[PDB]
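A single chain comes next, written as structure tokens; it is the form deposited in one PDB entry.
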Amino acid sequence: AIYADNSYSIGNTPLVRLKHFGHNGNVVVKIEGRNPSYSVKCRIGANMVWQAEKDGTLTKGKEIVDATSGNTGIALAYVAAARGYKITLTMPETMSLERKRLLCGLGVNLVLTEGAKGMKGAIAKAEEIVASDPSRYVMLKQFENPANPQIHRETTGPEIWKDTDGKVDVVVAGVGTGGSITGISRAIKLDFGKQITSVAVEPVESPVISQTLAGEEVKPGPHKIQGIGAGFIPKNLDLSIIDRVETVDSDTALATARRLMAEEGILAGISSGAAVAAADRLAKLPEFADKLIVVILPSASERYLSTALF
């Protein structure tokens, strides 16, 4: 069991039962912060690179380009370093010095874009770089690359099945690209045949999945639950396997993450708090009393989630 490089050490994250949430221990969390790069994205960063290698789109010498400096960019940076690929990430010049130093420390060629243009500027710049030499650059496109939900169907989902001896009844997961809930749900429902309840979680401030499914006018909005609530329906969110959608507000997601730290000794990010808050709400409904609810905690926090942070 010696991994050839750090990209192969992804997953096999632990399930921990919560003591101060749920009803009679019916809430169990899957800690994705226990991963390389400290988040669930290590899985998709690894698999999008591996799949691009297998299908020939990524060869020795071509370079990776993207516009994410969030968990996916960090994940791609680690995988690129671990497998020997050059990688350029665009990002608004207003990003933190800490995030910049982290990406540079990983070997990333960081291209800073105009602060005033925000993520639109960085995305446009990444597209510009690829367009300049399409045969040299590869943009993996996390919101639509099938290798994203596929790695969750092959690893994350089976891990939940295995660690719960097939007893999982409900899976609760915040939606960013939608890969986690999609891949996990396909694994458990289609590959293992159990008709569980799949619950997507989104910010009440940008409830686009809820609005969409209700046939209401789609109105995205700003929120502080980093990692989820992209403001649109990504191609990697398989709405057909979603049974329920729970909304959670930013303040509650924050308070919940803080409680996980102080009351359970679990160091998770704000989106983990959002997922647990949604899961706790369902766990205290009589209908879910005898059901095992597994909640994905997407990332870890190495710091207390201060107001400055949120």
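In this text, rigid core is short for the largest set of C-alphas that superpose within 1.5 Å between two forms. The first residue of the shown sequence is 1; numbering continues from there.
Asks: If you take the mean CA temperature factor per stretch, which one wins between 178-186 and 131-139?
Replies: On average, C-alpha B-factors are higher across 131-139.
Asks: State which stretch shows the higher mean Cα B factor in the entry: 291-299 or 16-24.
Replies: For C-alpha atoms only, the mean B-factor is higher in 16-24.
Asks: Among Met91, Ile87, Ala230, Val201, where is the Cα temperature factor highest, going by the PDB entry?
Replies: Checking the PDB record, the top C-alpha B-factor among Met91, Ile87, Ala230, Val201 is at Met91.
Asks: Looking at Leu213, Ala75, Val172, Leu112, which has the highest Cα B-factor in the entry?
Replies: Largest recorded C-alpha B-factor: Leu112.
Asks: What third of its chain, lowest, middle or highest, does the C-alpha temperature factor of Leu58 fall into?
Replies: Ranked within chain, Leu58 CA B lands in the highest tercile.
Asks: Which third of the chain does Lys30 land in by C-alpha B-factor: lowest, middle or highest?
Replies: Lowest third of the chain for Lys30's C-alpha B-factor.
Asks: Taking the values exactly as deposited, rank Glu98 by C-alpha B-factor within its chain and report the matching third: lowest, middle or highest.
Replies: Highest third - that is where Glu98 ends up once the chain's C-alpha B-factors are sorted.
Asks: Test of reading the entry: by CA B factor among the chain's modelled residues, which third contains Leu237?
Replies: As the PDB entry reports it, the C-alpha B-factor of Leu237 lands in the lowest third of its chain.
Asks: When the modelled residues of the chain are sorted by Cα temperature factor, does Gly157 land in the lowest, middle or highest third?
Replies: For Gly157, the deposited C-alpha B-factor lands in the lowest third.
What follows is about the form deposited in another entry, which we do not show.
Asks: Any idea which of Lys194, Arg99, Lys162, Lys86 has its C-alpha shifted 2 Å or more between the shown form and the other one with the rigid core fixed?
Replies: It is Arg99.
Asks: For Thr113, decide whether the Cα shift between the shown form and the other one is 2 Å or greater, given a superposition on the rigid core.
Replies: For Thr113, whose C-alpha is compared between the shown form and the other one after core superposition, the shift is 2 Å or more.
Asks: Under a superposition restricted to the rigid core, does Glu32 display a Cα displacement of 2 angstroms or more between the shown form and the other one?
Replies: No.
Asks: Does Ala277 count as moved between the shown form and the other one, where moved means a C-alpha shift of 2 angstroms or more after fitting the rigid core?
Replies: No, the C-alpha position differs by under 2 Å between the shown form and the other one.
Asks: Thinking of the 3 angstroms or more shift, are the C-alphas of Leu305 and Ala279 brought closer or pushed farther apart in the other form than in this view?
Replies: More distant in the other form, by 3 Å or more.
Asks: Given a change of 3 Å or more, say if the Cα atoms of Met95 and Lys224 sit closer or farther in the other form than in this form.
Replies: Note: Cα gap between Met95 and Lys224 shrinks in the other form.
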